[PDB]
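Below: the structure, in structure tokens.
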Protein chains: 2
Amino acid sequence: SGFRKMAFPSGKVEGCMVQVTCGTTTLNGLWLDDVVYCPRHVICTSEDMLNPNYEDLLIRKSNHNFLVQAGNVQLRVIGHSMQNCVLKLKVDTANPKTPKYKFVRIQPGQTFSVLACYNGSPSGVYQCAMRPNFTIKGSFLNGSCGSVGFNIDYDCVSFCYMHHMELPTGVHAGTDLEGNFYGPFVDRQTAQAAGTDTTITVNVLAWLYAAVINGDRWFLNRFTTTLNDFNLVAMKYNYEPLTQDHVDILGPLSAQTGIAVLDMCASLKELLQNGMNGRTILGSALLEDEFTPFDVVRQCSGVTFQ
Amino acid sequence: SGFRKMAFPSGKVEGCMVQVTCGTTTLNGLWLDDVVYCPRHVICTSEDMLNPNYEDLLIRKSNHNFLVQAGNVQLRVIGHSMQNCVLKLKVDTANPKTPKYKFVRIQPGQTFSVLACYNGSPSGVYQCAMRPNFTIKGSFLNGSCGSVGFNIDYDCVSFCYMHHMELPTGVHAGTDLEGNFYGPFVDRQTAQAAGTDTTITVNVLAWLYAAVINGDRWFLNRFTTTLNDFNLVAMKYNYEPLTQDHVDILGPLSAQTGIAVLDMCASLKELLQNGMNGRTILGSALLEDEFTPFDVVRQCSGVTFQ
Ligand SMILES: *C(=N)[C@H]1CN(c2ccc(C(F)(F)F)nc2)C(=O)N1c1cncc2ccccc12
Ligand SMILES: *C(=N)[C@H]1CN(c2ccc(C(F)(F)F)nc2)C(=O)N1c1cncc2ccccc12
């Protein structure tokens, strides 16, 4: 019993975190085989940041302007190159602790674990969701750039996020591990609007199933709805539309609980329209949308990893 | 910016988790040097559990009734003994991955990371608090017994909890690593009442400071209070009394925010009496008490570990 915001075990990622310094700027890098990945804005000065020409700035850099450290170990940079917004520092020694890994680009609404780091050392781990507007609501201080987000599938770490920036609005933005930003954001110090953020509807349904599995079910009603009628109510409340793919993904939780997906949708419809009347669900007074159906199934059935 | 429920990096603990089987019962053990620790109820049958005589049951067990596994590796048990409620299985090989470690008994109101495991394999990591009534609100399925809770101090893992049981009430109970239960609980299948649970007042104040540091401060008022007057209000709402030691612990957050501790206490007093009027604090519609002052300072200043 019980339901918690749960991150993946971080051990396989911990052994990959190093420190990257360029001038006065220190941030984190990801050391896999003989390559260190980090945000390319590490090469900017405080004057460069307002409108950097990264091609020009990188040409001005030498290998020895990049100070990479793993623990007590200095890693010698053999070469530097740029893939989109990510710097690749080839080093002369492959990380002996390199796990089996993939680089993946995740979908808005999907979740991942962040290993927040400073000076190449792990500070803590927590679960995030990629918001529909391609931001994340992280916990990041100065020096946290280069921290990565990841999932674990069997024995393979799927790296999906590298932290680049905090926007003037306090929210967080970054790239996949090929250096492509999630969302419309650019790595320059300028005002950048994120989109209207919406609530991840399929995730809220998943969490309501989690509540039911844990005996918390006061919100259930005796109604059903059509996908079309539910959606007409959900857009009024800034909830993402629900698709048939979403209904199909919730199938396993429907079967475990004996509650049809469209019946749970009818329950959510009434919660949106009436509120919670001062009650709580799974210890929360608000509807939670940062758990995917898979997260719920993994937590309520005990999926483990090598 | 941002504030999240953050666990310690789990890598040093991951390398210590093994599987312990006795008969049909499989659970998790903690392998440090040449000793495997696990709950002593692993030796019970389904009939033994209602009123086990653990001394008698253990005498009936042979070394070969304990099947210990670390990955593909079978660990040969050289000896078995009982320290309070914890079984100690001496094995013939010391864990090469044994980190520097301590065993500690934590205080109600203090927090720790749980590495939830099944079949000796890590499933996920999440932060808990030791409730004032010595339970924890975990996420634990069958087979999760033997999962441990821990803190990290510099380069040393301080093990503080081992999971033993889910009570008929859905909440979770366990021991320190010397096998002494937290709280009044016993390892037999009988109805056991936990105490009235109370809210950890110093933790709520810490989280209000966290909100202020993150720009979330609508709840501040222009009042102060005495420790005595605050406490008279707090007991009405099932909040633990606040001591001078608690005020002293909050000093650093008071200095960072420019808000005196007794001024924050005056703000909490009014939140308890008036509610939140449909607002939120750090993305929560309820007052949160599972962050210690140290947790806030570590997260808002970036404490890291070896
Ligand atoms: C991460 N280490 C810092 C740096 N940073 C940043 C640097 C350069 C640029 C630009 F525009 F591309 F040149 N943009 C951003 C940034 O945003 N950082 C960061 C990240 N997360 C949180 C914080 C909190 C406080 C200060 C900086 C943060
Ligand atoms: C943990 N593996 C299980 C087993 N267990 C338990 C076994 C024996 C005894 C007794 F009384 F000492 F003999 N008491 C308890 C227990 O409580 N487990 C457990 C722990 N956390 C969560 C769950 C969820 C579902 C089923 C069992 C759980």
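Quick note on labels: first sequence line is chain A, next is B, and so on, each numbered from 1. Side chains included, hydrogens not; waters and symmetry mates left out as well; all remaining heavy atoms used.
Proximity of B:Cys128 to B:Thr111: side-chain heavy atoms (C-beta onward) are nowhere separated by under 4.5 Å. Side chains of A:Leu242 and A:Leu227 form a contact here, defined as non-hydrogen atoms less than 4.5 Å apart.
In this structure, OG1 on A:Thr304 lies 10.0 Å from OH on B:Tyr118, to the nearest 0.5 angstrom. Rounding to the nearest 0.5 Å places CG of A:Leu27 at 9.5 Å from CG of A:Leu87. Here CD of A:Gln127 is found 5.5 Å from CG of A:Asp295. Values are rounded to the nearest 0.5 Å.
At a cut-off of 3.5 Å, with distance as the only test, a side-chain donor of B:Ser139 or A:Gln299 sits close to an acceptor on the other residue. Between the side chains of A:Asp245 and A:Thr243, no donor-acceptor pair of N or O atoms lies under 3.5 Å.
The pair A:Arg188-A:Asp48 fails the salt-bridge criterion, with no side-chain N (NZ, NE, NH1 or NH2) lying under 4.0 Å from an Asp/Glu carboxylate O.
Residue A:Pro241 forms a side-chain contact (heavy atoms from CB on, under 4.5 Å) with just one option from A:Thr201, A:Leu232, A:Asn231, and that option is A:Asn231. Considering B:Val296, B:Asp289, B:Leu282 in turn, B:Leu282 is the only one that fulfils the side-chain contact (heavy atoms from CB on, under 4.5 Å) rule with B:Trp207.
When the shell of 6.0 Å around NZ of B:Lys97 is examined, it contains 12 or fewer heavy atoms from other residues, nucleotides or ligands. In the displayed structure, A:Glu47 atom CD is contacted under 6.0 Å by at most 12 heavy atoms of other residues, nucleotides or ligands.
Ring geometry, A:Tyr182 versus A:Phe134: the interplanar angle falls under 30°, so the pair is classed parallel (tilted spans 30 to 60°). Ring geometry for A:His41 against A:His164 counts as perpendicular: the plane angle is over 60°, on a 0 to 90° scale with 30° as the lower cut.
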Practice item. Go through the steps for A:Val171 and A:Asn133 under the test side-chain contact (heavy atoms from CB on, under 4.5 Å), then give the verdict. Key: CA-CA 11 Å; A:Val171 78; A:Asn133 68 357; over 6 Å; no

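Under the 6.0 Å distance and 45° angle rule, B:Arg298 counts as a cation-pi partner of B:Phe8. Cation-pi check for A:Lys5 over A:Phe291 is met; the charged atom lies under 6.0 angstrom from the ring centroid and within 45 degrees of its normal.
Annotation: B:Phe159 is not in aromatic contact with B:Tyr161 [ring centroid separation under 6.0 Å not met].
Side-chain atoms of A:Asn28 come within 3.5 Å of backbone N or O of A:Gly120 as a donor-acceptor pair. For the pair B:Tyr209 (side chain) and B:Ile259 (backbone), a donor-acceptor distance under 3.5 Å is present.
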